[PDB]
There are 2 protein chains.
Amino acid sequence: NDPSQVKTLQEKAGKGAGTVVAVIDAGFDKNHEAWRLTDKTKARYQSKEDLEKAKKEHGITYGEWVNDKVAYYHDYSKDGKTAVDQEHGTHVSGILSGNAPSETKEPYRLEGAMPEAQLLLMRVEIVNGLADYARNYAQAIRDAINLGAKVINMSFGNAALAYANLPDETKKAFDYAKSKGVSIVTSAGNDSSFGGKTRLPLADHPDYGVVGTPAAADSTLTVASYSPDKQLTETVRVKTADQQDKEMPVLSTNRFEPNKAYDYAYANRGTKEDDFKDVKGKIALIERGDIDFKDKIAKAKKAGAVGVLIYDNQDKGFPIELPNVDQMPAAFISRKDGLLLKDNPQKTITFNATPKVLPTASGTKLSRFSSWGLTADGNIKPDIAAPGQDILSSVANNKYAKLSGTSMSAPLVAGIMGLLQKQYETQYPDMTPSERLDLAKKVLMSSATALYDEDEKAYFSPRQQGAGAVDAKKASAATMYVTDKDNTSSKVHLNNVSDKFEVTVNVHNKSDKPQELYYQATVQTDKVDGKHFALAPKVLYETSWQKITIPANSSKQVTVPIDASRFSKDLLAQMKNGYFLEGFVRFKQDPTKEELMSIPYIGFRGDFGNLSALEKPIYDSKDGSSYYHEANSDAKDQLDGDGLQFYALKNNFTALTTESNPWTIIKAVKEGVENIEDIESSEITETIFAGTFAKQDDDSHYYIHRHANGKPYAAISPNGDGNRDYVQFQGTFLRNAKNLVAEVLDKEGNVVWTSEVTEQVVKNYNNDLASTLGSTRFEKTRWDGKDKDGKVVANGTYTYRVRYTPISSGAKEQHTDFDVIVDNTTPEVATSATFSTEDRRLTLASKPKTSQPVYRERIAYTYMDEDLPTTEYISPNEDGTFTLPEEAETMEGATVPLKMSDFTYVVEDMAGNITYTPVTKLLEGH
Amino acid sequence: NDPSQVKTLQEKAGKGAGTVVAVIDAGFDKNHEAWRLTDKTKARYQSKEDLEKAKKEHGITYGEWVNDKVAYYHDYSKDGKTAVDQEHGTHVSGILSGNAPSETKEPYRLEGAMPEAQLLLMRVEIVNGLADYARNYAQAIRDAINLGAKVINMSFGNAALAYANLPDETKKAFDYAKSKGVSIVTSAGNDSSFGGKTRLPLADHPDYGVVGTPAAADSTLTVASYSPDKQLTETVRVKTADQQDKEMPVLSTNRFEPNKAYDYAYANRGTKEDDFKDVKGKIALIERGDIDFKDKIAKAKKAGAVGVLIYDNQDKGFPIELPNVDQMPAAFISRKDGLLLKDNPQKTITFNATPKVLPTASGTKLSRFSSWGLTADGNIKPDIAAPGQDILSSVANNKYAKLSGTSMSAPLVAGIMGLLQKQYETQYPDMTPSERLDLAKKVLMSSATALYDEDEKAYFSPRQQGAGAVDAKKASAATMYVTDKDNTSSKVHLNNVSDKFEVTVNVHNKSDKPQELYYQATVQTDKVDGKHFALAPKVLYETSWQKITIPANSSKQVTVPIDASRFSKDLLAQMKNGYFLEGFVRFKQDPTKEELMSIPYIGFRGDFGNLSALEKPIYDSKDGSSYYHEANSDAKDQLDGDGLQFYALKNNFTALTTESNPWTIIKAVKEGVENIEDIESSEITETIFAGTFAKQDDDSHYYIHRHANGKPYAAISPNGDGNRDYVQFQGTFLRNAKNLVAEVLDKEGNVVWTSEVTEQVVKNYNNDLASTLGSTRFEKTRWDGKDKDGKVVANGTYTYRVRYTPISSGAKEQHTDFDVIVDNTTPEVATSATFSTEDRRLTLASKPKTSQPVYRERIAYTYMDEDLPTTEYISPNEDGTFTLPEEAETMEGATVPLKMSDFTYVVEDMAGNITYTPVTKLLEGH
Ligand SMILES: [Ca+2]
Ligand SMILES: [Ca+2]
């Protein structure tokens, strides 16, 4: 079980004896290691003393020690009250103790290729700001270096750091690590597509990679994990009708009885009752689907119980780790096999205690949601891929299956590069540590082999696999390597390209003899599924092999012309705003032999820098829906606001917000009332969307109102009463942006106001409280209807303009305009009315006169129901009169008499201008 | 225009000169009344002096003289701030003045058939309780009598008095008027069917009459209003194709210019532009429907129409008073006339100046929603019917069209009887005022002609028209009359009856000659439309005419056998809980001549007294719906409670209520924080329905949960924490009841607790804030889980029984049972847990162990989003662990870090037993 083939490298450079490896994480509780045994004490840090002395010569104070292997374990971001289990048995169990064996099924460790090296475990977590988490991290790596690690494995715990802007103490640490030839290695990420695992990016928005690691943290290598076409797995033997044994892969939760002969009974999907017809003593065989695992396992235990065998309902699916439901032993198996047992004559099986490396149902596979990413300048983010168990966990959370068993992929590559760099210390004695680190990185990427997606008959995108799957055997034997034209990077980025472009790479031959090679370039784009990217590769073509010879101790450039014009029409119909044209320039000794070297390249057929950064306003949605917001069918322009209880996860789209303030609160303020919190009325101040209005006869909903031209009726009355006084920008950003600023322009076109600027905008790549919500409200963009250093603007129509710039180099500034009406005209309403006691009808002396059309004209009254205030509203009759009830009924059956003094006439216009008048006032003499 | 034919009675008894007519009402502002004139000041009261003298002799210190007509006026309920105009113009415009002429199309007014009588106007209104209202009313009639009334018209303004229990004072007042031969007449009401004009009564609940006037009133006569087959009306004329003039009825709002030819154009229903294309300068002819009148008119005016003619979409509809929209002339016409105009080649019309008596489109008609009513003992409520303009108003309110122009019907009858009683002063010299009144009532009702409903080929139900339509001519000329078997009443009620029964009535011959007549009985029931009563009659059959001779000056009993067994099968299929068998015993001097006398009778084929008084609990609705509540298709079990803001008109059905109290408040109370609306949490105490629960992963709705037996999962944890501590009865009563009481029985059938009694229950005859809600919450029935001695009852299952008794005589007590489990077992939960800083999961050591099944098992935390606390909940993963986030994001894109001290483990079972433990507590070094 050696996928990356490190054997030859170890034979050549060793296994890390006398070396030190640093591992920085949020925690190491899940040791994975059997609390990692020990070794063969033959080099450095052989005792507390050994540590202390060095640790003191280097000016280090907080150093610890845990035994051999783990020669260090200081805890940064310490203060915060920690209580693992029993605290190592209460003070290390009276000093000297602590251990936990077992490492079954796990093929790789926290060293991969350097198992005989000591570890420096530095725990670092976010406690009191990223800025301080960053400084700890920087110190955490400077100490590793001063402690002599040469190899550092970094993980940022529970992410949420995507696009974070940390202090320069961080980048400073990285530069220093680079200067000393120390490698910093991190993981590429398993949830890297815009929208998250529960969604797919839209085909017209190709900028969908989400980089989890902050730019400042430029690690030596970012590595993606993948599942090889074969893996070390537990198994279960079965006898087929033809009378023969068939050993199959299985993932089990809870342990079965080693070597038995369990009987098994099919139960469909366990969604019905007759499904577990028996199961009496039979293991429940169930197909995945319709309902969740927890239930399948529970229903199985109800009946016969014993154990269960759930089989995937997807062909090339990853093995799923079942939940532990009442110690119930549950194992997961591929679909193929599942369908095999469902027909096997002898419904009997045996669980082998011998893990065996067998083919995988998935075959060579990278999760469709993993690694996707581009750097600010156009380079693909991931550098290389490495093997991992890659199992989908059904218990990471209750929202989606989280990819698991990938944490050991980056460390594997780290170990391999440490050994290769070591190999170079003897192979190229004159090189400095930095130079050896650079060479090792270039060779590792060049020699890495491009993974193939059999399922799509295409290579996995370099945006996912980087330069390819690490191959230690090739790296160690490598006497040549390929870089881009600049001779600095091991990846090529072309930025914007037309249908015809050239890819030029440089082959560096370090051997004393010329080398003959064959080269080709593969060309591919993205696969689309309707209006969404499928997150799968789409091969276009590959060039036919060309021969070239590189003279001894020299380098030669290779240029491969590419022409994908014949695919333009079809591809544009699927991805109208452009698409990627990417691939690999591959080299071989002979076209029939295996890939010797490969370097990835990527171009964008369009103008990537200028792709739209903001999702259009929901007002513009012909459907009423948006990427993160579902519309209400059977409700044209319904667009409720925050309501009485806001849900951060709802209404996440581009729009303008404003506030609704009921006349009751407005009046309470104009009077005195300090409290207002317990006023005898049921309405509250609410945040709503501009352009939306409640119905005359409220129905608890707000609706978008539009002008004859289709634009939303946005209007404010900046008169300080809090009712629709301002508009504020809320946006769903599809791409990162900078310098977001709002400005207001009058009819002429003059800028009368400019907001403060929001330096950085982070795209809304998900809609989750733990990472980022689907939209963001920008308070600095709020416009209260006033001009630059001045007063309220004059009534009229204005242009509320939101400006923002994509971060891509040279990107043009983008903007979205909203027409906003300003109007502070108080409504003119009747000064008198008459009331018919026989008719209970109030007749106003005249209709309301407002500058903006009438929004609502009602008669309000409030009555108590069990100390619970309730404000009722009366709409006008067809002739403009209002009928006033003589009473209101309580839910308990009590009659509440109503008098003229209980009623208040309220008129509100579209801009929120409002006037309220006691009906007694209208009736009195004049 | 004398539909009641009062001509012959007047030219034999006069027109009320020298008499006094009293009118008690809530107002008179609408009272047109041709006041001022009297053309013979030789009335009972000449000048203020004669009046002031009269009231001085009867201890009346209040009241004032006005006009030679209206010799007395007074407001028995001043104080409370009630303003009219400007005091007639600052003290009756200089003291002693006035004028407000404006009456047309009306052949009737106050005083009725006694235009020469003086008036006594008593203004009474509900002001500070119905008790004060009652006294004020009793006093008003007392003053009326002493001032020499003889006739008293009573109007209770805007009721909401249905089934009100007024003081024994009011009754004494009536008994006094009765003893003085003073008749008190009142209207039968135009909205008398269960559920209101907006609904229809259900066919399986035949007790659907709603009596608006309090029982402790009992007028001399309760008058129903009806539209005759011809009415005085303004008209319009058109030239038909035969070249002749066609004059048709019209009801106009605002005014068209008389004798001026107007062109008109058809606009369909005016529900779509282009409809008004050829309308400019013409009258828009528009059909009723789809949109409201106001909009059809506004659209017409915008299109340049000079007025509109709206025609009915109903064939026998009442004319409709159109709304005044910007003074637009608007006239309403029948369907037939509208179709005639639409199809007329010469589209020119002229509005005539002189009104005219013309056939009505409705024909003889009683509103389908009017009069329905029975008294407690089973008598039909209405006594007689009288003509009115009966016009539907589209501006009375904004929910339904209100029948108008019925106010003069009762006063008309009052005047007729006043005259008949005067007539009896001469003939029948020794009778006493009391005996004259009783004879007048008998003759008036016997003489009344049973109205025929041509549309249904059946007589209108006696429950609507009483003894028939008043006919002063037959009344005045009558020398005979029929009464029930006794001589007490002029109405017959048989209570419960089988298919075969007989009706016996007494004919009284006051003549000196033998009288030969023919008689028969009509038999009818209710017309049904699917699941509802159509509020229309269903004729069954009429008996063959039989002969009888009544000797001079004597009485003779007449019996008519009724056999409707032939119809039971069908009728029972439509009205399964029984149906009425009613009709009239009619008398003629010749089967081919007109009706001379008729007396109504009514029986109920079934057991009326024991009809179900309470709608079954919503839990039992297969649909999820009830009479006043529509279920949610797609979720029959959804049953939300009051929520964040209760709606008096929603969720009105029979059920049990309880309360939900979040742990945050339970904790805040258990600790001691005064003022609960300050706590840093978003949830609040909510009223919900027992048997309902939120989902583990809250979706903002509550759902009914049921035991396997199908009963709602009603459970309480009587431990004083406010969370599901009690159950309270909420009922939608279909019939009035008395002595409502709740009791709880243990498994043994023993009563362990009894609630206070709720003496009277008024049926929920509507779902309207101004009259009655669709259900009533009975707080006295609240059970907090304690027994008769304040001791919390033991955990177990109990029967929450609600008992109540219909008001019908002999009715058995009915009851509804609800199974309620009581369980105060505190949940037992893990006391320790381990948290993985790596996986981010919190693993609990054990449990949860609860007595009742688990309701919700969650981890909560609250963060701020702009000084707005928001409590978030995390559900467990499929293996029982919980994943805890590191941060929460604000809507403004800010990061709110989360630490262990922020999380709380909360366990709640089905009875509301709950436990909450800080996650830090569970971690507390174990
Ligand atoms: Ca305002
Ligand atoms: Ca409780």
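The analysis underlying the following values was restricted to heavy atoms, covering all of them including side chains, and did not include hydrogens, waters or symmetry mates. Lettering follows sequence order; numbering is per chain, from 1.
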Check whether any side-chain heavy atom of [X] sits under 4.5 Å from a side-chain heavy atom of [Y], and report yes or no.
X: B/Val325; Y: A/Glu878; value: no
X: B/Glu889; Y: A/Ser771; value: no
X: B/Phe646; Y: A/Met891; value: yes
X: A/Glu677; Y: B/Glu677; value: yes
X: A/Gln645; Y: B/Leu644; value: yes
X: A/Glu872; Y: B/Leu769; value: yes
X: B/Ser700; Y: A/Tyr647; value: yes

How many angstroms lie between [atom1] in [X] and [atom2] in [Y], if you round to the nearest 0.5 Å?
X: B/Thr890; Y: A/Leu773; atom1: OG1; atom2: CG; result: 7.5 Å
X: B/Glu779; Y: A/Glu892; atom1: CD; atom2: CD; result: 4.5 Å
X: B/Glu886; Y: A/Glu125; atom1: CD; atom2: CD; result: 6.0 Å

Please state whether the side chain, the backbone, both or neither of [X] comes within less than 4.5 Å of a heavy atom of chain B.
X: A/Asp642; result: side chain
X: A/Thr82; result: neither
X: A/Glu887; result: both
X: A/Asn764; result: neither
X: A/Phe835; result: neither

If you tally heavy-atom pairs under 4.5 Å against chain B, which of [options] wins?
options: A/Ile874, A/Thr895, A/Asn397; answer: A/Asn397
options: A/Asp678, A/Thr772, A/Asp697; answer: A/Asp678
options: A/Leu322, A/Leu923, A/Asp292, A/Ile126; answer: A/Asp292
options: A/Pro876, A/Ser901, A/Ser836, A/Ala648; answer: A/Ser836
options: A/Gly80, A/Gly880, A/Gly925; answer: A/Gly925
options: A/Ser775, A/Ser832, A/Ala833, A/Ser682; answer: A/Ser682

- Message: Pairing donors with acceptors under 3.5 angstrom, does anything connect the side chains of B/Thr837 and A/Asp29?
- Response: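 Looking only at side-chain atoms, A/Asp29 and B/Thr837 do form a donor-acceptor pair, the distance falling under 3.5 Å.
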Quick check: are there more than 12 heavy atoms from other residues, nucleotides or ligands sitting under 6.0 Å from [atom1] of [X]?
X: A/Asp698; atom1: CG; value: yes
X: B/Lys780; atom1: NZ; value: yes
X: A/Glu924; atom1: CD; value: yes
X: B/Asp699; atom1: CG; value: yes
X: A/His88; atom1: NE2; value: no

- Query: Can you tell me if A/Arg841 uses its side chain to pair, donor with acceptor, with the backbone of B/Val395 under 3.5 Å?
  - Reply: yes
- Task: Without swapping roles, check the side chain of B/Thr883 against the backbone of A/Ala396 for a donor-acceptor pair under 3.5 Å.
- Result: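 Side chain of B/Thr883 to backbone of A/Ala396: a pair is present.
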Please classify the contact between [X] and chain A as side chain, backbone, both or neither, with a heavy-atom cut-off of under 4.5 Å.
X: B/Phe778; value: neither
X: B/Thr920; value: neither
X: B/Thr881; value: side chain

- What heavy-atom pair brings B/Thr834 and A/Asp85 nearest, and what distance separates the two atoms? CG2-OD1, 3.7 Å
- Message: Can you give me the closest heavy-atom contact between B/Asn877 and A/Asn398, atom names plus distance?
- Response: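 Reported closest heavy-atom pair: ND2-N, 3.4 Å.
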- Message: Pair A/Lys30, B/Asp839 - check side chain to side chain contact (heavy atoms under 4.5 Å, CB included), show working.
- Response: CA-CA 8 Å; A/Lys30 280 182 172 296; B/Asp839 204 317; 3.1 Å; yes
- Note: vs chain A, highest number of non-hydrogen pairs under 4.5 angstrom among B/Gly893, B/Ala770, B/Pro885, B/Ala83 is B/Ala770
